[PDB]
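Structure, as structure tokens:
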Amino acid sequence: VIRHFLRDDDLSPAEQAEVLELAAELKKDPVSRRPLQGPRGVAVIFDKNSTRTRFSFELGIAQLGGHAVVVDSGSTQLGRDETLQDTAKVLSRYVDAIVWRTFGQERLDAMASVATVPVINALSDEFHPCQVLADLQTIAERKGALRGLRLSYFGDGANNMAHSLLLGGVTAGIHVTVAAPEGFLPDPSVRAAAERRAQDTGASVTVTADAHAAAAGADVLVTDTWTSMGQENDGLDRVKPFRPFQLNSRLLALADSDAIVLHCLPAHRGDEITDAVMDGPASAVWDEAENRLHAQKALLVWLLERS
Amino acid sequence: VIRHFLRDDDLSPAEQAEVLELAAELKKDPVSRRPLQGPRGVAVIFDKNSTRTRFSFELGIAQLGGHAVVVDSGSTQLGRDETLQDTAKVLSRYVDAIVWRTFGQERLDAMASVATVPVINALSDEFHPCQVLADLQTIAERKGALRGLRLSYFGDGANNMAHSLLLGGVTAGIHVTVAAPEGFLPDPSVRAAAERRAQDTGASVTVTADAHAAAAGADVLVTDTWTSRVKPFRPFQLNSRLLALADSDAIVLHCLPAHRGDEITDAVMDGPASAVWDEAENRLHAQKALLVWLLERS
Amino acid sequence: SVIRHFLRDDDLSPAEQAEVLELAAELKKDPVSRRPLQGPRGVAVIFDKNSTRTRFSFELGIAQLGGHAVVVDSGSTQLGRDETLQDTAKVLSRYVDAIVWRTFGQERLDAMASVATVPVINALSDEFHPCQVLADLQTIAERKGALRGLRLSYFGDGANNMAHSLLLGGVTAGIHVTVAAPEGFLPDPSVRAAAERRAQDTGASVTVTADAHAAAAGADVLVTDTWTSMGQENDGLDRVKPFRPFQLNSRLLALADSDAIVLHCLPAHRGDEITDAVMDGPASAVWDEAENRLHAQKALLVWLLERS
């Protein structure tokens with residue numbers, strides 16, 4: 001059985017713990033594991049723009065001994081000239097894993113349904129699970145055991161980061177709160193999956209429109225841009241509902257005195273997060289970005305040896 | 001004293017056999033040849049979109065120890081800011097071979113006239129010779145000796161795949177048939193070159209509008225998308241009806257991407273005659289063999 | 001230690017430039033003998049503008065130092081739009097050991113270098129092209145030996161990146177540099193003054209003239225470049241008539257030293273700034289010059305990495 005990573009709950013709590021431990025080991029010894037020596041190939045396909053995911057996967061694959069074939073948005077978007085299933089079958093003959101940033105989750109599901117190699121979600125409309133592996137590695141290295149920590153996410157509660165912080169966070173035993181305005185709440189199916197997974201780990205799920213209540217006592221405060229490129233023409237004012245949820249100094253003062261701040265980047269300073277918070281002593285955004293490299297190398301090692 | 005690969009007949013029958021033998025060796029032992037260790041560079045330039053050619057060349061070059069510099073069609077078109085001859089001279093100072101997917105064959109000829117390193121056609125409007133090397137490797141590993149086999153291509157008989165199956169097929173001793181409607185027949189000078197090469201190998205060339213006759217007794221049945229306007233080609237659809245007419249143990253090939261329901265049906269493409277996935281894999285092995293072979297002769 | 005960047009030619013002292021150029025000759029002889037980036041370690045190579053020579057030379061050179069170039073080209077969204085240049089520089093510094101960047105305004109390079117924790121290298125900007133001039137100096141040294149006291153004349157637009165870098169990099173090597181350009185197209189005053197100060201240290205000199213024949217006479221090296229960059233195509237000027245007298249043609253080359261060599265960074269517009277006869281003739285060193293982008297930039301990277 002081939003293991004894929006299309007959503008955070010694809011890993012059990014025990015498996016997630018294995019990946020996060022390998023991530024810590026690979027951060028210490030970054031070229032000690034060469035499962036892709038040869039080089040073996042890995043597909044890294046971008047239907048959307050990327051800086052952090054592009055650099056971290058391309059270099060991480062190289063440091064595992066492999067060669068990343070990076071496909072840009074200049075190539076014809078996949079699924080136009082042939083079925084995604086046909087593409088997955090041919091790519092499986094060239095590479096040992098397929099890393100793909102795309103739109104609908106169903107596109108990832110289609111490729112994983114027929115690929116003979118692991119398929120990894122490098123960002124979809126619905127989830128960003130490699131980002132949250134790096135977030136969890138960052139939280140662990142700054143706070144220790146993840147179980148019982150309180151994490152609050154602020155902004156659009158139905159975007160990929162909100163969904164993956166729910167799923168990935170409760171898998172780690174984190175008490176996850178999503179603070180979002182009315183009409184921007186997590187997908188019900190994702191919320192229910194996080195609630196079921198939380199039963200197994202002692203975690204919990206909270207969804208609230210009360211930003212100050214979400215910030216109070218939190219160990220980790222997280223936010224993300226409020227609007228994806230596909231939502232810019234959706235007809236909504238996507239600024240006025242979110243301003244109460246801005247991660248600013250006043251909000252940070254409400255959290256635990258030792259709280260840290262995460263943001264997957266790119267940040268739009270002055271919108272979802274302020275300069276004072278992002279450049280202040282609680283910010284862990286640069287270590288978080290670095291840990292994309294280490295966490296994704298661990299994920300690849302782990303999937304490859306189980307597939 | 002420098003060898004290029006712009007069309008299938010650039011290799012003699014004997015040299016094609018050498019490259020195909022190397023392809024089988026490299027498929028068994030994919031990192032056993034490292035002529036590009038260093039790394040030395042290879043340019044891989046795309047004037048137009050690619051999946052299979054991009055992956056197969058980029059990874060194949062890496063597995064020869066080299067480093068492919070992949071130039072995308074999003075980058076400024078080649079020969080727009082300076083002559084192709086100036087580009088060829090400069091690239092020859094950085095890389096040991098130039099792989100190029102373009103349109104007009106005369107562009108490939110211009111590059112190859114001045115480059116001091118091998119130039120390889122990664123797909124042109126006229127030929128797709130690296131695809132046919134992979135096809136020949138696929139046929140060989142399933143049927144053994146190529147000489148005397150019957151291969152039929154169906155559909156648009158005027159495109160690069162039809163031309164290269166003609167030229168590369170007769171170079172291997174294959175009796176090649178193109179089944180195509182009038183107005184979409186092979187270029188006469190390509191057909192004439194194929195008939196000429198066929199005299200040396202025991203091969204032959206047939207061009208027919210009768211898909212049933214072409215399918216009857218065929219050992220290899222091949223098709224490709226119809227446009228690069230569909231009414232003339234429908235009778236040449238590679239479906240279960242035609243396949244039922246072929247020889248026992250016949251192989252089905254399609255260079256990809258496929259438009260399922262047009263030139264080929266799901267039942268044929270997903271059925272037990274289909275070798276389209278091995279065929280696509282063999283782009284990697286056959287192109288590595290081609291590069292090894294060209295580099296040691298250049 | 002401090003972090004050394006290479007944004008303009010004078011970022012290297014004369015002694016430091018000599019070290020880089022010596023390393024360039026050593027690496028040309030033994031191209032895989034230095035592996036500071038083995039691992040591989042990453043290097044970012046970002047192109048806000050098109051390139052062939054800089055793209056191939058940096059991507060392969062980095063690989064031959066053992067590293068892995070992450071090449072970002074113009075189809076990926078332009079840097080500075082999705083997030084600040086400073087945020088980008090901080091993030092890249094966590095993934096790579098150096099940042100190579102072809103961009104527009106020099107101030108954009110200054111912004112990344114202010115926050116980056118790794119060397120930033122100018123791979124061509126509006127104001128300078130210092131990696132080209134390192135390759136030019138390597139080529140001249142190959143052909144002529146000692147650079148000190150040679151006479152080099154550049155012809156064409158006196159205010160573009162190649163004129164500025166030939167001034168600064170040339171006098172840093174002890175070369176007497178002349179820029180021959182029509183009035184109105186003269187070097188930036190602050191670059192001219194900086195080159196005059198640096199020339200005083202090396203015994204070199206700076207000359208700026210509208211007299212192309214006088215600039216060619218006695219020269220050891222004649223250099224030109226295209227007259228018009230993309231950003232100037234719509235500046236309203238006739239950018240042909242003023243530059244015709246400055247064309248590097250056979251008549252001009254005949255006025256220089258009988259063993260003079262000809263350089264051109266490429267791409268060339270044959271028939272405008274240079275003629276076929278000159279570019280394809282025996283004085284032309286343009287192909288060696290292009291090849292030396294590989295060697296000189298490898299030397300630069302080795303040198304910066306060991307000091308950062």
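Chain identifiers are assigned alphabetically (A, B, ...) following the order of the sequence lines, protein sequences preceding nucleic acid strands; residue numbering begins at 1 within each chain.
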Inset, instruction - Enter the distance from A:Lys48:NZ to C:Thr77:OG1 here, rounded to the nearest 0.5 Å. - result: 13.0 Å

Inset, instruction - Quick one: do A:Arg54 and C:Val72 satisfy side chain to side chain contact (heavy atoms under 4.5 Å, CB included)? Show the steps, please. - result: CA-CA 9 Å; A:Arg54 160 70 185 294; C:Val72 169; 4.2 Å; yes

Legend entry - Exercise: identify the closest heavy-atom pair between C:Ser76 and A:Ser50: OG-O, 4.3 Å

Inset, instruction - Mind running side chain to side chain contact (heavy atoms under 4.5 Å, CB included) on A:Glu290 and C:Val91 for me, showing each step along the way? - result: CA-CA 7 Å; A:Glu290 183 192 324; C:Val91 166; over 6 Å; no

Legend entry - Which of A:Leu59, A:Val285, A:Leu265, A:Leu293 touches chain C most, by non-hydrogen pairs under 4.5 Å: A:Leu59

Inset, instruction - Quick one: sort the C:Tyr95 and A:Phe55 rings into parallel, tilted or perpendicular, breaks at 30° and 60°. - result: parallel

Inset, instruction - Just do the side chain to side chain contact (heavy atoms under 4.5 Å, CB included) check on C:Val70 and A:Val70 with the steps written out, would you? - result: CA-CA 10 Å; C:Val70 178; A:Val70 178; over 6 Å; no

Legend entry - Separation between NE2 of C:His68 and CD1 of A:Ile61, rounded to the nearest 0.5 Å: 9.0 Å

Legend entry - Atom CZ of A:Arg40 with >12 non-hydrogen neighbours under 6.0 angstrom: no

Legend entry - Distance, nearest 0.5 Å, that separates CZ of C:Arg94 from CD of A:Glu288: 11.0 Å

Legend entry - Within 6.0 angstrom of A:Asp237 CG, more than 12 heavy atoms from elsewhere: yes

Inset, instruction - Kindly give the heavy-atom pair with the smallest separation between C:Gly39 and A:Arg34, and that separation in Å. - result: O-NH1, 2.9 Å

Inset, instruction - Output the option from A:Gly74, A:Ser73, A:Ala62 having the highest count of non-hydrogen pairs under 4.5 Å with chain C. - result: A:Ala62

Legend entry - Spatial distance of atom CG (A:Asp279) from atom NZ (C:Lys90) [nearest 0.5 Å]: 5.0 Å

Inset, instruction - Heavy atoms only: give me the nearest C:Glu83-A:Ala267 pair and the separation to one decimal. - result: CB-O, 4.2 Å

Inset, instruction - Inspect the surroundings of CD in A:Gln37 and state if more than 12 heavy atoms from other residues, nucleotides or ligands are less than 6.0 Å away. - result: no

Legend entry - Straight-line distance of C:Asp87 CG to A:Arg269 CZ, nearest 0.5 Å: 4.0 Å

Donor-acceptor contacts under 3.5 Å from residues 22-31 of chain C side chains, at least two apart:
| unit_1 | atom_1 | unit_2 | atom_2 | d |
| --- | --- | --- | --- | --- |
| C:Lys28 | NZ | C:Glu142 | OE1 | 3.3 |
| C:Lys28 | NZ | C:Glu142 | OE2 | 2.6 |
| C:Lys28 | NZ | C:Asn292 | OD1 | 2.8 |

